[PDB]
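What follows is a set of notes on a single structure, which appears directly below.
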Protein chains: 2
Amino acid sequence: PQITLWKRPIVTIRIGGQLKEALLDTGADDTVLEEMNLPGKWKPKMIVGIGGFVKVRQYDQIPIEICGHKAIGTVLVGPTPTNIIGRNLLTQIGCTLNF
Amino acid sequence: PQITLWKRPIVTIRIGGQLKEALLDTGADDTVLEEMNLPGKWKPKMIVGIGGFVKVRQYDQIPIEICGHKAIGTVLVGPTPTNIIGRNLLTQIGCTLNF
Ligand SMILES: CC(C)(C)NC(=O)[C@@H]1C[C@@H]2CCCC[C@@H]2CN1C[C@@H](O)[C@H](Cc1ccccc1)NC(=O)[C@H](CC(N)=O)NC(=O)c1ccc2ccccc2n1
């Protein structure tokens, strides 16, 4: 579908049977979810936001359903005020910006 | 244009006769550029993202050309790690997300 920008481009996501909302964020390199126990091994990572760096945990090959579209990839988990879907997964669902 | 997300959706903007690079950013409410001089009385403003708060200077009704498309709106100026074009201006240039 086409998603307009008058309000925040937030969509339903599904991950491990969890139902959540998330931002479709063309400015995020990476996908950052609020805190949750994901399976598998995680590595610590420092990522940049507008206010500075935060420490997060990187899990790989995590499947996630975005707006009825299957995606599988790297997911970062840390102290974010919002679930954020980044370019790494946005490309997988064929998302473009148009103007 | 249609812009894909395998690389950062970075474009050239023109502002105040200056050319700059900025990130097309659907997950940002606001347009935030690195420190520079703009004409006008400006309000001190605090904004927030990942890593927390940023102190910025709010300039209103600023003309800015984004990839050939003209906008006139609010530009926040401050110690952001990267220039970003947010929804306040993405909407002015008719920008949508599509998959
Ligand atoms: C998610 C992560 C991988 C860390 N990426 C980023 O954060 C990159 C970092 C880049 C380099 C530095 C400058 C910003 C760009 C773009 N950002 C993405 C980017 O799109 C980012 C995502 C985001 C959304 C919501 C909450 C937090 C963070 N937006 C923002 O930082 C902008 C700043 C603004 N006022 O416009 N934010 C917000 O719109 C915003 C909205 C509600 C909030 C509620 C509580 C706390 C913070 C909130 N921030």
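What length, rounded to one decimal in nm, is gained on full extension from residue B:82 through to residue B:38, with 0.36 nm per residue of separation minus their alpha-carbon distance?
Details: separation 44, 0.36 × 44 = 15.84 nm, distance 1.75 nm.
Stretched out fully, the residue B:82 to residue B:38 stretch lengthens by 14.1 nm.
Note the full-extension length gain between residue B:29 and residue B:8 as 0.36 nm times their separation in residues minus their Cα-Cα distance, in nm to one decimal. It would help to have the intermediate numbers written out before the result.
Details: separation 21, 0.36 × 21 = 7.56 nm, distance 1.80 nm.
Gain on extension, residue B:29 to residue B:8, equals 5.8 nm.
Name the residues whose placed amide hydrogens come within less than 5 Å of the amide hydrogen of residue A:80, ignoring near sequence neighbours (fewer than 5 apart) on the same chain.
The list, which skips near neighbours in sequence, is A:35.
With Kirkwood's inverse mean 1/r over C-alpha pairs for Rh, give me the Rg to Rh ratio of the range B:34-96, two decimals please.
Working: Rg = 12.1 Å, Rh = 12.5 Å.
Expressed as Rg/Rh, it is 0.96.
In the range A:1-55, what GluC sites (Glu not before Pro) fall in a loop by DSSP, with at most 13 other Cβ atoms inside 10 Å? Write down the numbers at each step before the final one.
Numbers: sites: A:21, A:34, A:35; in loops: A:34, A:35.
The qualifying sites are A:35.
When the Karplus curve 6.51 cos²θ - 1.76 cosθ + 1.60 is applied with θ = phi - 60°, which whole-Hz ³J(HN,Hα) does each residue of the range A:12-27 get, with x for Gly and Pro?
For the range A:12-27, the Karplus-derived couplings read 6, 10, 10, 8, x, x, 8, 9, 9, 9, 8, 7, 7, 10, 5, x Hz, x marking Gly and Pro.
Give the Rg/Rh ratio for the protein assembly as shown, taking Rg as the radius of gyration of the Cα atoms and Rh as the Kirkwood radius, to two decimals. Don't jump to the answer; show the numbers that get you there.
Working: Rg = 16.9 Å, Rh = 17.3 Å.
Rg/Rh: 0.98.
Arranged by the count of other C-beta atoms within 10 angstrom, fewest first, what order do A:45, B:55 take?
Numbers: A:45 16, B:55 11.
Starting with the residue having the fewest Cβ neighbours, the order is B:55, A:45.
FYI, it's all coordinate maths here, none of it is from the lab. In this analysis, Cβ positions are derived from the backbone assuming ideal geometry, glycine residues included, and neighbour counts consider all displayed protein chains.
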